[PDB]
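Only one chain is given next, in structure tokens, and it is the form deposited without the partner chain.
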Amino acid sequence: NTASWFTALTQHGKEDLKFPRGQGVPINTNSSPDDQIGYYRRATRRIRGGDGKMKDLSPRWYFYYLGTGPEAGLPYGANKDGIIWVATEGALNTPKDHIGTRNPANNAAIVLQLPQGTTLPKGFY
């Protein structure tokens, strides 16, 4: 029933999502500098293509604060396929249960915006 607090980043290439150190956490004026830590989770989508076989669509990457989302129990830095970690300089390695996930019935998604000088990888928008 719950979802990410932000809209997705679309992957148009083969390479997975990877940000430089200290970059990647979306802007959120309601969160504090301590809370600037989390991960992006890939959501693969497939449809009945124009021919007759299942064609894959461009995957989407959704941000979730540390200790929240479908991988709430994973610690920061854990190695898992479809999960890449991000953190701003000075963020605490603690779960963000106080922020939690978004319930779509009461709240719309925040438009994902990255701070000034952020280097998005090739094929990510």
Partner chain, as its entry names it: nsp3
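Only the largest set of C-alpha atoms that superpose within 1.5 Å between the two forms is called the rigid core. Residues that one form lacks are left out of the comparison. Numbering follows the first chain given and starts at 1.
Omission of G49 is seen in a third or more of the other entries compared for this protein where the adjacent residues are built. As listed in the deposited structure, the average C-alpha B-factor of 36-44 and of 50-58 is greater for 50-58. For the two regions 97-105 and 17-25, the entry's Cα B-factors average higher over 17-25.
The same protein also exists as the form deposited with the partner chain bound; that form is not shown, yet it is the one meant from here on.
Although the partner is absent here, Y62 is a contact residue: one of its heavy atoms lies within 4.5 angstroms of the partner chain in the entry with it bound. Taking the partner chain as it sits in the entry with it bound, the stretch 105-125 comes within 4.5 angstroms of it through a non-hydrogen atom at just one residue, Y125. Comparing C-alpha positions between the shown form and the other one after a rigid core fit, one residue in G50, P33, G73, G77 moves 2 angstroms or more. It is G50.
After superposition on the rigid core, only one stretch of three or more consecutive residues whose Cα atoms move by at least 2 Å between the shown form and the other one is found, at 47-55.
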